[PDB]
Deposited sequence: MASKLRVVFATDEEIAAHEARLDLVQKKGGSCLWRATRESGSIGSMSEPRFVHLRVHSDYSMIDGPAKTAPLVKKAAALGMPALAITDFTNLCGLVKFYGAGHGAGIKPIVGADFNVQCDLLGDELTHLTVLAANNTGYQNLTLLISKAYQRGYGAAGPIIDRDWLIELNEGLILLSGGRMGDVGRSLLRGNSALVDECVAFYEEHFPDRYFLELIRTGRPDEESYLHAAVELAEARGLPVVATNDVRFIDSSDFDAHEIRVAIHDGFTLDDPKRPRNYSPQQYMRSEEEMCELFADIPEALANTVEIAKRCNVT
């Protein structure tokens, strides 16, 4: 296969084992190391998929950051790790960390951003930032502070892409898919701009930038996916599957659409597929691109914030 999986190094694997020890010592269980009843230690299997892009209900709007229901759902699905990636905030982190531990889940720390870059002018693009280690966590905190400190208008807090140069250490980036700088430029056929953007990530985020692939039945998602996979194969860039999770169950879609409208003051930016899909569901969805699934599990092992 010419699609790259970025494997956690021996050092990262050791940090992952230590991070699971912490889950287990604080919580009294660890789903990653759990043995099903009538199963055996010898027949235990690794996770096939981990959610790395997940928002609480009020993430980009006004309201509380309740992360309890996301942990509750992940625990019910037997998920051994979960990221919360709320919009330019870490509100729910302290509670997510504790609840994660209580449920035997490895908590992964991240946030979603709107990004501005000179190459794209004034246009805002999507980026997900994961903290791989405590230095990354500190840098993620600093990046959020920087976005607020320079102030914002109705468009909300924004980061400059170039701020990532100085703040890069311990961060793993998910590209934003069709909404990211690379994705938008792929959809527009701007090969020269794709090349400039990819050069930035290769320089500052070596093995720490993933082309995000998303299948939620929204416009341009699959056309972008085709182009991203072609780019990934030609450049050796790793792809990663996410489900851009915005609510817990598919039946929650109705309430989500309405919460967004109230805040907006009224545009169909969201799909009913953006729920917390099971590992089995995600594996079937990306059966044709198993590398996109494998990279979620490797990224999950690489993310160890204590």
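May I ask you to mark the stretches of the deposited sequence that the structure leaves without C-alpha coordinates?
In the chain as deposited, 1 to 2, 269 to 275 carry no coordinates.
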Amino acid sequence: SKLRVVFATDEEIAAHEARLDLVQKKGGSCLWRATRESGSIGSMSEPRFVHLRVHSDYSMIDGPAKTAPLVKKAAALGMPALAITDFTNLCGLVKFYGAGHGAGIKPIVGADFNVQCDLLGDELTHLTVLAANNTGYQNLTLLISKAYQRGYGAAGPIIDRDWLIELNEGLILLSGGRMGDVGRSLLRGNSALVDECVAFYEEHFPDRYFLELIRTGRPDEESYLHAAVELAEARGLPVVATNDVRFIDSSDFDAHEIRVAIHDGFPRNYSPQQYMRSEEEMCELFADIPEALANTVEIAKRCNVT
From here on, numbers count along this sequence of modelled residues.
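Could you settle it for me: does 67 to 75 or 197 to 205 have the higher average Cα B factor in the PDB entry?
According to the entry, 67 to 75 carries the higher average C-alpha B-factor.
Read off the CA B-factors in the entry, average them over 297 to 305 and over 1 to 9, and name the higher stretch.
Higher mean C-alpha B-factor in the PDB entry: 1 to 9.
Given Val50, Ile41, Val245, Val260, identify the residue with the highest C-alpha B factor in the PDB entry.
Max CA B-factor in the entry, restricted to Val50, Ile41, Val245, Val260: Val260.
Would you mind checking which of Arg33, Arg277, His55, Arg36 has the top Cα temperature factor in the PDB entry?
Within the set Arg33, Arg277, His55, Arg36, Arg277 shows the top C-alpha B-factor.
Based on the entry's values, in what third of the chain does the Cα temperature factor of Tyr137 lie: lowest, middle or highest?
Its C-alpha B-factor belongs to the middle third of this chain's values.
Ranked by Cα temperature factor within the chain, is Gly153 in the lowest third, the middle third or the highest third?
For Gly153, whose C-alpha B-factor we compare with every modelled residue in the chain, the answer is the highest third.
Going by the recorded CA B-factors, say which third of the chain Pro107 sits in, lowest, middle or highest.
Middle third by C-alpha B-factor.
Ranking the modelled residues of this chain by C-alpha B-factor as given in the entry, is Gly121 in the lowest, middle or highest third?
Highest third - that is where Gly121 ends up once the chain's C-alpha B-factors are sorted.
Taking only the Cα B-factors deposited for this chain, tell me whether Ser223 sits in the lowest, middle or highest third.
As the PDB entry reports it, the C-alpha B-factor of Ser223 lands in the highest third of its chain.
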